[PDB]
Structures are given as structure tokens and as C-alpha cells.
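Q: here's a sequence, model it:
(3 chains, ligands or ions: 5)
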Amino acid sequence: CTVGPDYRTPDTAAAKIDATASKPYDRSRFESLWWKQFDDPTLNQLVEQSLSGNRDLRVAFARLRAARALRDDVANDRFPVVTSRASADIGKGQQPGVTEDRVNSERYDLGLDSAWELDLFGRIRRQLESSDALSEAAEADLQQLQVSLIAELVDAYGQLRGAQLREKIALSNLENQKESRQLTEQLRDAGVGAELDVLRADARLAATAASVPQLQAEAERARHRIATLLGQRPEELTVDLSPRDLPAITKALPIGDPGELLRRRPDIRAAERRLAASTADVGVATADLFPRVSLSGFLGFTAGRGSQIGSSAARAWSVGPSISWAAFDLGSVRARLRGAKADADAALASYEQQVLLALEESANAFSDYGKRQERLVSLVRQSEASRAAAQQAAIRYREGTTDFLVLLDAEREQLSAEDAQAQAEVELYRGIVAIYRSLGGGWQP
Amino acid sequence: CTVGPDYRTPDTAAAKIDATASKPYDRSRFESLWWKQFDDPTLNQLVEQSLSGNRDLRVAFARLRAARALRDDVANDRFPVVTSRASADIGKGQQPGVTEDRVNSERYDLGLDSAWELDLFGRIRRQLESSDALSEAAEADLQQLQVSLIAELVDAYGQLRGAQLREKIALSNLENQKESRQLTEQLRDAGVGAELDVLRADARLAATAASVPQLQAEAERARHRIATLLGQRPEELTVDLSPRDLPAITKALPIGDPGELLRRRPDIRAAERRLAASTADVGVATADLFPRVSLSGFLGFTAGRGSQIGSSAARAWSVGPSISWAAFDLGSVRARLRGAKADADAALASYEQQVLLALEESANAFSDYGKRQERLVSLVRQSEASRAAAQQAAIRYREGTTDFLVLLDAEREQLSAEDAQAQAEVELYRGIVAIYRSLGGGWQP
Amino acid sequence: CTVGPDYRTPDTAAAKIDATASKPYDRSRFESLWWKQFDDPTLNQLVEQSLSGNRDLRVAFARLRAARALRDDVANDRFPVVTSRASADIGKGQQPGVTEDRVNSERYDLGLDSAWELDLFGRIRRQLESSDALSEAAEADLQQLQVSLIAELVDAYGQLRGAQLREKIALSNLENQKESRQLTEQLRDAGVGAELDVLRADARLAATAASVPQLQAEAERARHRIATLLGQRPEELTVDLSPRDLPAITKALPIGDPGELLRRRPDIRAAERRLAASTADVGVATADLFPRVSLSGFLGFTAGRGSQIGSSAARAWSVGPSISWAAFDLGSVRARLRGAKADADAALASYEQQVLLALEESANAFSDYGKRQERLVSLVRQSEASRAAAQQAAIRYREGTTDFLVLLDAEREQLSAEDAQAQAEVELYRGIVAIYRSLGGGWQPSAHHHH
Ligand SMILES: CCCCCCCCO[C@@H]1O[C@H](CO)[C@@H](O)[C@H](O)[C@H]1O
Ligand SMILES: CCCCCCCCO[C@@H]1O[C@H](CO)[C@@H](O)[C@H](O)[C@H]1O
Ligand SMILES: CCCCCCCCO[C@@H]1O[C@H](CO)[C@@H](O)[C@H](O)[C@H]1O
Ligand SMILES: [Cl-]
Ligand code: NA
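A: Numbers count the residues shown, from 1 in each chain, chains lettered A, B, ... in the order given. Ligands and ions are numbered 1, 2, ... in the order given. Next up is the structure itself:
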């Protein structure tokens, strides 16, 4: 008898994402070490350091150890608990029933105490089933944290490279705008120009120069996130983060069969294990509806005179079988069973919410990424056309055939176009991170 | 007797919102089913389905069931607790007081055990007062969750419509700009234009084209959000969410008396019930300064020989009145009572914080909504003037009385004004959501 | 004897912020009342009201009271627990090993019951040590809340002044825009202008006018945050928030020595205290490897007849010494010890995480502050050049020597540059707030002899 419900994993349908039978994706294989596809040795080294150094990941390993330990304690309860004891009871007073004289009472005991719950309705088995499930939930929390940390770290490296790239674009445009300002001064100083042109050229220059330390500020915050993610102090970063291009993936993304994502994601597995544990805890409570059968025991020495402890004349053994049942207090037991039942329903609903959220995340990740590819195509044209316009406009302002606002406006748009394209490239990179995060890549899978 | 403080609900003054005596608002009625004023049957359907499907709401129902179960367990402690038992003590050794010969010894017992706490100072009455209040707190948490879920979902629908409206504005402006690009080519080719016009028109068209998939991406995210809020997978959502106009409310908003808002909001009642519970708990702890009167009992059979259990010559009864009092351990009792007073002071301050947060949310929503109405008036005027500007610039550019930049800039401003007016209409719809969430609209009794 | 590990504070190296040996910072002093340097008596009153009224600070202080009361209860376990009792056992049945007759049975007891765990391996001393350290983690949680709340309140005052500043600038740019609209109309009606000029000037006015109620909305939301942070209802604010300038500190920033920052941060002390409690808890579990020794007792009266209770004839006493040891259940004691040790690893690891997060907030605050100063320099220039361009473009438009677009564009850049400058001024103010928050400003570390 192991009473209560026997847990079965819910019959959860595979994820279905149609968007993935398309050019951008390769369903034939899944890459577990998904970040290496960027081909960036600096990134690969950040990730390896993270996995040895991160303090959140280290808390999660410790919690996994703690959970195993809880389990190990509970598993002993299937066996008699045999402890040691030496005690005495000594006093003087009446002894009602026997005498109204005040007489000396002495008693000495030395030996083994035994306590055993016979697990006839599986109360104890259910407890262990529960702790086993909680131990596996802790393993899966640890794996999720790994998935989460790697995505966060790869993502922050993206933001660093982005700030760097945008800084480079700001300073490149700042030189075009300085050339323009210098031309407005030259034409003004040769008597064929205007202060108005110079003032507008100064203002635009100053706007562009203002963007530079803001972008450097962002890059620094990203260096500092990266250091914390690595388990390192900000000034102690080992890995060199001097600018390099934003990484890129050429090939179609190896995403495997999107219908395996719910099986691969550890957060799903962790919530499924919590549901398993909770379901076993209904069994624990269900056992209290039935009688409890216990078996106490003593083996050693009992004596009225302390001097005899240890001798054959004081040998003693005792056995204490006991059956308890709640009887008229079954109402209380039923209340606790309803408690355990409500908690298992909370756990199932919570499991289902995790599934739903996981499907929401992957549906977003794939929807975003398709759309971000399309957007980038339009941004690349915008940048090419902008540049060509700003070049033509600079020529014509020099030659006297267009007003300064034509060159100013064309310069503003070139900056705006180039910067927007960079941001869109960063988004694509981060969209890749989001896809692999939502698929549960990076724990070993 | 019932020791400790008698709980009284704090005398919290009514919310006062002076800005509600304006024209935007109707204080003569409150609509509970506040979203139905949008007259959007698709919205109505979404809300009804989320009330049966949402999984966070299912979790809260189950938490309520858990709390009622704790309360039911406590309620039985008012009465003698009567369990059943069959035990035996079997052994061989000395029997101190009686003999030093190692003898066989047997005791059998079978019957009913009684444990009764007389509760003369109302310790148990107070325990039940606390558990009852907490069941009510769990019921209020459930209702605050409905309020928050319905606001979240109405708001997401708004965002979905917003992105659909903005995609529509972007595509409409994309056509105007495509007509402009074709005009620059045509005039260039006919010999009265310039490559510099065409390049610039190419860049702006691409910029507008680029916005379209970003808007579409956002529409897809809001759709996936709605699906999870309904308790559905993204691909199972059957509700037809193809574009419709952003809903609007043309009559003054029925907001009722804003002095009722603190009584309506379930968050406030949940924090009030937690306060009532912690106050009962002070009662529990205060009761331990006084003696505890109890009464134990046995009714059944007691025998020296297993043979006799069940027979008349083994009938036994037993009664154990007991009075205990902490005496020199009152330091420990006083320490717990201080603990309980501190907890009740936390719960009081936390209730006041919730009140002040509710008034803040409420003050923001009204202040926001008034300003978003005024702001929209100016944006409507901006959009009108801009369309007329763009219209005229296009006539003037075709005719040869203005330069391409004038037309380019007027089209930029048209898009920018139109898009901004759209975002402001979306803000207004969300302003209405914020108002009703802040008044505690939309929960079931 | 006290068993298990003896806690030593980690040897945590000092923070090193190279960037702070610079002209913007004065490392010779630290002001713990860091907001007073803005020399803004309105702000100073907000802060004092907040400290009297804020409800979250009351919650945290009440949690600290409860933690100390818990610690006081655990402290009593080092001594005999002596309770009092009056009782009886009355019945009818057999009495095994005595008679098989159903006899009447009566018994009365009255006196003191005593229970004592003799704390020979320090189980109870370690419990008290854990519970004291958790007390301390609660004083420090409260102190970290106060640092956070002060920073949040000062930051919100800044946003409020920001929003008032930007509304002033929008309104001022609106007046220039209206003068320009008037001119497009005159030039039109005098046969030397264009309807297209009037139309674009109207679109621009409406755009600028649109921004005003949004800035007012922002300012209202800041007033309302301020009120909740003071423990006040939104319409009952006691401090007048009518527009004033965003405060400034011209003096170089008194930041002390950056290698003192980890000692000044209460969030660090809290996490360190939880690590100390958790290490004590290893001790608690270690003590269960060893025997437990107890002494029970009774002193009072025992009798078979009720009337005799209280008299000499019925005096009574007993003593009940005891020693147990887990023996064959040692594997359980060991599982719990492995568990306690795992929890201590977890705590050391959170303590270190908190240190790293504290160094990241500090690095970011100093980094941002420096960059924000540089940026403001360029934005001040933008504003100066834009204002002058717009003045000139107006002269030129009036002359018949530009399309209106030259003026319209110069007026947008003037508003856009001034507004950006005001935003950057707000961001510098908020950067100051982020520096002080990261350094653990806003509480008194020297109080209570530190510990
Ligand atoms: C009237 C005299 C009776 C004589 C009885 C002798 C009791 C011996 O006494 C016992 O001796 C043992 C070693 O032999 C010890 O281990 C015991 O602890 C001790 O109490
Ligand atoms: C077991 C014998 C019964 C002893 C009962 C003594 C009754 C105690 O009496 C109570 O003691 C408290 C002292 O802290 C006070 O707060 C109460 O006001 C007082 O009435
Ligand atoms: C660990 C021993 C606990 C001592 C109780 C101290 C009670 C008050 O604690 C004080 O609260 C203030 C805010 O209310 C903080 O500014 C102080 O730094 C803090 O010590
Ligand atoms: Cl982190
Ligand atoms: Na009960």
C-alpha cells in the first residue's frame, strides 16, 4: 500500500511553430553550444569563465547539494531509528495507590531505543518520492540558470559591440560634419558664405559630439555587467574587450525540431518535478486517513539500584507496538488532505503557465527574428541612398548650386540611417540569443 | 473570557480626487463591467475567456482553497479531540519500586484518547479569528488578481490595435512617399529634376518601409501576450484578431464616487484582513501570559493479559485535568508577545502603504487622462496642418516652384504627426484602463 | 565546548575606482547627508518628512523588532525552563503487574516542572549566535532601505524639476513659434509669402503645444511619487512644490576614499551577517553528532487525597538526568550537516555576489557621471549655436532671402537642443544621486559603536 494518486507526467502536446519551416532556419540539427556559431573566440572565452566564476550559478549548485541532503535524511525513515540513552529518575514523595508515606524512588536505564513507523500505507514512501522529485527540480533550476546566464552574457556582449559600433559611426560622421563646418567658414571668410550656415553647422557638430560619451557610457556599463556575470570585479577583467565587429551567423540557424523545446527547457522540467512532488505530498496526507502502525523498542539495562547497570541481573528488553487512528478527529485529517490537494492544483496550473510562457517566448523570438531580417534589408538601402545623397549634396554646396540646409539635412539623415542600421544589426544578434534561450540551449542539451 | 486586543478596522478617510468634478467624468454611476463601454464584442469575448482559461487565476483559486483548509483544521480545536489507540508494552526485566527479579511484563490498552483544551482565555478563539481573516485575505488576493488580469488584457488588446493602426498609417504614408519617389525620377528623366532628389526620396521611402515589419512584430507579440492571458497556446487562439479600429468611449466615464475607491479595491481589503489576522495573533500570544487549562481522557480497555481486552473485567476509564502556567519562563512568553506586536505593527504600516499606493495610482490615472485629452486636441490640429502642407508642397514641387527638400520635409512631418496622434489615441485608451484598474473595477463577489 | 566552524568575516579586498583620482571628486571628505550640498531647503524638508513618515521604513523597523524578540526567546534556552503545574489523574481499571481487579485510582500533583538542556557542545550557543546575526541582518536591511529611499526621493525631486524646466522651455519656444506664424501670415497677405509657409508654421505650433500637457503629466506623477515616499496622500502634501531651478553642486564631490565603500554599504553588512548566521548554523548541526545531556525536575507536592496537597506530609521532588546520542541514526545527523554546509556555501556565494553588484553599481555611477559632464558641454554649445541660428534665420526669412523651411528648421533645432540640454542637466543630477547611493550615503554607520 502506497495510498494516494500515482503521479503521471501531463500529456503535454509538442510545441508547434510553423514560421520555422522557412529559409532562415535549419530544423535538421540543433547546436547545444549555440554561441560558438558566432565564431568569436573572445565570446567563447567569456562564456567559459562565466561557467567557473559566476556566483549565482554557484548558489544554485549549493542549493542542489542542500536538496540532496534533505532527501538523504528522509530516506532513513524507511528503517528503524536506533539511538542510545542513559537516564535516571530519582526522587522522594508519596506514591498514590501504594502508600502515603514519603519514600525514595530510584530507576536507572542504559541502552538502545528503537522507533519504527511501519510504512504500511506508504506515508514514508510518498515523502521520499516527494523529496526525490524536489531534488531533481533543483537540478533543473540549476540548468535553467545556466541557460539564462549564457543568454544574458552573450546578449550583453552584443550590447557592448553595439555601443562600440555606434561610437565608431558617430565619430565617422563627426569628421564629415567637421569638414562641412570648415567649408561653411571658408566660404563665409571668402565673402561667398554666411554666418547662418556656420552656426547651423556648429550646432549639428555639437549634437553629434554629444552622442559620443553617451555611447561610451553604455559600452562601460556593458563591460561592467560582463565582469559581474564572470564573477569578476570591474577592474579585474581578464578578457580583453577592445572593439571588434558585431558577430554574425552566415548559415541557416540550426534550431532542430521546435517540437522538442518543451522537453529541452529546464524550467519546464523543474516545474514538472515540483508538480510530481506536490502530487506525492497528496499521498502523504492521504495516508493519515488510515491507521498508523509504530513499533517502539528498548534493549539494554534497567535497575532500581544504579550499581547493577551493566550486569546480567539488570538486562532488559521491551517492545511497544502501537496502532493509532484519528477516529473522531478525521475532520482535521481531511482538512489537511484538502490543503495538499489545493497545493497540487496550484502546482499543475503553475506548470501549465510555464508551458504557456515558454511557447509565448519562442513564438515571439521567431516572429521578431523574421521581421528583423526584413527590416534590415530596408535599413541597408536607406544607408546606401543617404550616403550617396550626402556626397552629392556636399559637392553641390561647395560649388554654389545648393543651399546649406540641403547638405545639413542630408548629413543628419546619413547619421540617422547609419546609426539605425547598426541598432538593427544589434537587434538581430539579440534576436538570435532570444531564439536559443527560448529553445533551452546551453545546459548540455 | 477572550484576552488580547479586540480588532477594529482602521478609520481610513475616503479618497478625495478634486479633478473628478470635471466634464470628462460622470460621478453619478460606476460601471463594474467597465470594458463593455468600449462596445467591442471581440474585447468582451477575450475577457470572458480569460476568466475561464487564465492559469495565474487558477493558482489563486487554489491558494484560496489552501487557506480555507488551514482554517477548517483550526476550527476543530474548539472541541475535545478524540482519537483511537491499540497499544502494548511487552518485556522482561526488573520493575523498579516493585521487584529486582527480571520478570515478564505485559500491558495492553485499547480505546479512545481524549485531549481537550478548555480555552478559558480565548487562545483558540483567536487562532480561528486569525485563520478566518487570512481566508478572506486569500479571497481578496483572488479578486485583486482578476482586476489586474482584466486590466492587463484590455491594455494588450489596445496595444494590438495600436500597432495595427500604426502599420496602416505607415503603409498609407509609404504610398505617398512612393508617389513622391516616382515623381523625382519622372522629373529627372524629363530633364527638369535631379539625381539628388531621387536619392533623398529613396532614403526616406526605405526609412518608412523599415518601420512596417517592426510594427508587425509588435502586433504579433501583443497577440501572443493575449493568448497566454487567455490560457491558450499561441497557435490555438481562435478569436479573430484581424484589424479593427481602436475602441473609444464617447460619453463621460462612469467612475462613481471616488470616495468609494478604497472600499472597492480588493488589494486594500486583503491588506486589511492581514492586519485583522496579525491583531488576532497578538491575542494568541497574550493568552500565554495566562494559565492553560486542559483535560485528557481514556475510555476503553486496560489489561495485564491480552486475553481480557474487550471483556468487562478489563473496562478502564481515566480523566486528567491539568492547569499549567509559564511561571519563571514568562520571559519567553513576553518575547513571543513582543514578536507578535511587532508583526502587527508591520501589518498596520503595510496596510497604510497599500492605501497610499492606491491613492497614488488613482491620482496618476486621472491626472494622466485629463492631460492626454488636451494633448490629443493639439495633435489632431498638427496632423491636419501637415497633410495640407504635404499636399501643397507636392503640387509646388511638380510645378517647379519649390525644391525637393520642402516636399521631403513636409512628408516627414505628415508621417510623424499622424503616427504621434495614433500613439496618443492609444495612450488615451490605456489611460481609461489605468483609471478603472485604480478604482478596483471588475471582480466577482 | 562550542563545536562546528568559528566564523571569520571574509577577507574582502577594498574597492579600487581609479577614475575617482580626478577634478570632479574630492576624496578627502565624505558627506553622509549628501543631499544637503544641493543647498535646497525644499529638498531638505522632503527628506526629513520622508524619514518621519515613510511606511516602508516602519515595516522594516517592525521586522527588526520581531527579529530581536525571536533572538530574546532563543537566549532563554541556555537556562532551565521552570514552569508551574497543578494536575490530577482519576480513574477506574486494572493496574498491570499489580492487580487484575478494577480499582479506583486518584492522584494529585502541584508544583514546579523544570527542563534544562545543558549546553555542553554549544548547540544552543550556536542557535543564539545565528539568531543574533539575523537580527543584525535585519538592522542592515532597514538601513539599506533608508539609503535606497533617500536616493529615490532625491531622484524624483530631480525628475519633477526636470519636467518643470522642460515645460518652461516648451512654452518659451511656443512664443517664438507664434511670432514666426504671425510673420508667415503677414507675408502671405502682403502678396510676398505663401500658404505653404502658414500651414507648416501651424503644424509646428500644434506640435510644440502638444508637448506641454505631457510634461505637466510627468510632473504630476512625480508630485504623487514624492507624496507616497513622504507617507502622505497626494492632495495632503505638506511641502510646496512650485517651480524652482534644478539644484546644482558646483563644489567638487565629497566622495571619501572609494576603498571605504564596501564597509559603508548596509546591503553588504546584511549579506555578511546572513553568512555569519549560516556558519553558526553549521555549528548547530555539528552539535548533533555529539551526545545531548538534559536534566528534568519536579518540586512541589504529590498526594492520593486532594486535601493533603500543600502539607508537609505530601512534599515531593524528583530529578531526571539524561543523555542520548544518535548512534545508528548518525547518518541522518550527517545528512542534515551536509545540508547546513551546503547552505553556508550558498551564503558565501551570495555575499560575494553582493560585493560584485556593489562594485558594478559604483563603477557605473562614476563612469556615467564623467561621461554626462562631457556630454553637457557639447549640448550647451548646441543650444548656443541653435539659438543664434534661429535669430538669424528669422532675419533672413523676413528679408525675402530664404524659404520658410530655413526658419522652421532652425526653430525645431532650437527647441530640440534646449530640451536635450535640460534632459542632460537632469541626468547629471541623477548621476550624483547614483554615486551617493552606490557609496552607502544617507545613514549613520558610526552609531551604536558600529555593532
Ligand atoms: C551485601 C553485599 C553484596 C555484594 C554485591 C557486589 C556488587 C558489585 O558492584 C558492581 O561491581 C561491578 C564490577 O564487578 C561494576 O562494574 C558495577 O558498576 C558495580 O556497581
Ligand atoms: C499552575 C498554577 C496556576 C498559576 C496561575 C497564576 C495566574 C497568573 O495571573 C496573571 O499573570 C500575568 C503575569 O505575567 C499577568 O499579566 C496577569 O495580569 C495576571 O492576572
Ligand atoms: C541588531 C540590534 C538591533 C538594534 C535596534 C536598533 C533600532 C533602530 O535602528 C535604526 O533605524 C534607523 C531608521 O529607523 C536607521 O537609520 C538606523 O541606522 C538604525 O540603527
Ligand atoms: Cl548578475
Ligand atoms: Na484540527
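
Q: can you give me the strands in the stretch 51-200 of chain A?
A: Here the stretch 51-200 of chain A has its strands, by DSSP state E, counting those that start in this stretch, at A:81-95, A:99-115, A:117-118.

Q: same deal with the stretch 201-350 of chain A?
A: Assigned strands in the stretch 201-350 of chain A, in chain order: A:253-254, A:292-303, A:315-325 (criterion: DSSP E, counting those that start in this stretch).

Q: any chance of those in CSV, with distance to chain B too?
A: All C-beta atoms are positioned from the backbone trio N, CA, C, and that covers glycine. Listed next are the strands of the stretch 201-350 of chain A as CSV, based on distance: least, C-beta to the nearest C-beta, whole Å:
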stretch, distance to chain B
strand A:253-254, 17
strand A:292-303, 5
strand A:315-325, 3
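
Q: grab the nearest non-local neighbour of residue A:217.
A: residue C:371 (3.9 Å; C-beta to C-beta, 6 or more residues apart in numbering or on different chains).

Q: and residue C:211, which of the strands of the stretch 201-350 of chain A is closest to it?
A: Closest approach to residue C:211 among the strands of the stretch 201-350 of chain A is made by strand A:253-254 (43.0 Å; C-beta to C-beta).

Q: which residues touch that closest one?
A: Residues from elsewhere that reach strand A:253-254, judged by C-beta atoms under 8 Å, 6 or more residues apart in numbering or on different chains: A:24-26, A:28-31, A:37, A:432, A:435.

Q: and the host helix or strand of residue A:410, which residues are buried?
A: For residue A:410, the host element (DSSP states H and E) is helix A:404-438. Neighbour-count burial for helix A:404-438 flags A:404-422, A:424-438 (criterion: 16 or more other C-beta atoms under 10 Å in any protein chain shown).

Q: ditto for stretch A:107-120
A: With burial defined by 16+ other C-beta under 10 Å, the residues of stretch A:107-120 counted as buried are A:107-114, A:116-117, A:119-120.

Q: would you mind getting the angle between the helix or strand where residue A:358 lies and helix A:404-438?
A: Element membership for residue A:358 (DSSP H and E) is helix A:330-398. Angle, helix A:330-398 to helix A:404-438, by axes from the mean of the first three to the mean of the last three C-alpha atoms, to 10 degrees: 150 degrees.

Q: and the angle from helix A:330-398 to strand A:315-325?
A: Using the same axes, to 10 degrees, helix A:330-398 lies at 70 degrees relative to strand A:315-325.

Q: which neighbouring elements make contact with helix A:330-398?
A: helix A:123-189, helix A:261-264, helix A:266-287, helix A:404-438, helix B:55-75, helix B:195-230 (3 or more C-beta pairs under 8 Å, 6 or more residues apart in numbering or on different chains; DSSP states H and E).

Q: thinking again about what came up before, out of the buried residues of stretch A:107-120, flag the one nearest to ligand 5.
A: Nearest to ligand 5 among those is residue A:117, at 21.1 Å by C-beta to the ion.

Q: surely that closest one touches residue A:78?
A: No - if you go by C-beta atoms under 8 Å, residue A:117 and residue A:78 don't touch, sitting 9.0 Å apart.

Q: for ligand 5, what's its nearest residue on the stretch 51-200 of chain A.
A: The minimum distance from the stretch 51-200 of chain A to ligand 5, using C-beta to the ion, falls at residue A:123 (18.4 Å).

Q: repeat that for chain A.
A: At 3.5 Å from ligand 5, residue A:332 is the closest residue in chain A, using C-beta to the ion.

Q: quick one, what contacts that residue?
A: Applying C-beta under 8 Å, 6+ apart, the residues near residue A:332 are A:326, B:73, B:76, B:81.

Q: same thing with residue A:153?
A: Counting by C-beta under 8 Å, 6+ apart, residue A:153 touches A:46-47, A:50, A:226, A:229-230.

Q: max pairwise distance over these: which two?
A: Once C-beta to C-beta is applied, the contacts of residue A:153 give A:47 and A:226 as the farthest pair, at 10.8 Å.
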